[PDB]
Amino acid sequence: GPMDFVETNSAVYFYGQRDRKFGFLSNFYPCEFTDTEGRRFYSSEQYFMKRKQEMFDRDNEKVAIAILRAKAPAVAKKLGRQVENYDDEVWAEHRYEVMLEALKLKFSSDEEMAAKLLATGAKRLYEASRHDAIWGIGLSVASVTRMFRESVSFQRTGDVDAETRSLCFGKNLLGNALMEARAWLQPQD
């Protein structure tokens, strides 16, 4: 509903796989794709978590199987939080590009999903997750809605300004990765 996203002329603030319009931007959104080696994934979430286990605990049979079986994205996530030999410095260096790969597989798997991401044009994309300030901005959709309502200027440009983003928003690695996937999906002829 209207309380589940903010959309302006220049921005989309989304959260969650359920919204009928923007649900597809969520990494929990159900889909189906295969990697080159032929493993099957049912969300971008699950693939990202498999690549985390592969990076830190590659030979762990139980954990590899459990992630490949984790069709429920929240189960994949929790397994990902439990991956052993985790090194944050190393994951922080590599995790954006892993996510961008996940998104390339996901959006490549369905032309309708691809068309939906392209239909967002050049709008800036932000995951409005209150609890995730790495993949999202660490604010809820309601919080963002109050920022807009109290600012005639955000209302005029359709987005919060860069200084505000630098002080108020988390890293939004997902929104950034989606905008890079969207660029990658642009027609080349």
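In this text, residue numbers run from 1 along the sequence as written.
22-30 and 157-165 differ in mean CA B-factor, and the higher of the two is recorded for 157-165. The stretch 115-123 shows the higher mean C-alpha B-factor when 115-123 is compared against 95-103 in the entry. Across 152, 137, 67, 144, the entry's maximum B-factor at the CA atom is seen for 152. When the CA B factors of the chain's modelled residues are split into thirds, the value for residue 51 lands in the lowest one. In this PDB entry, residue 81 carries a Cα temperature factor that places it within the middle third of its chain's modelled residues.
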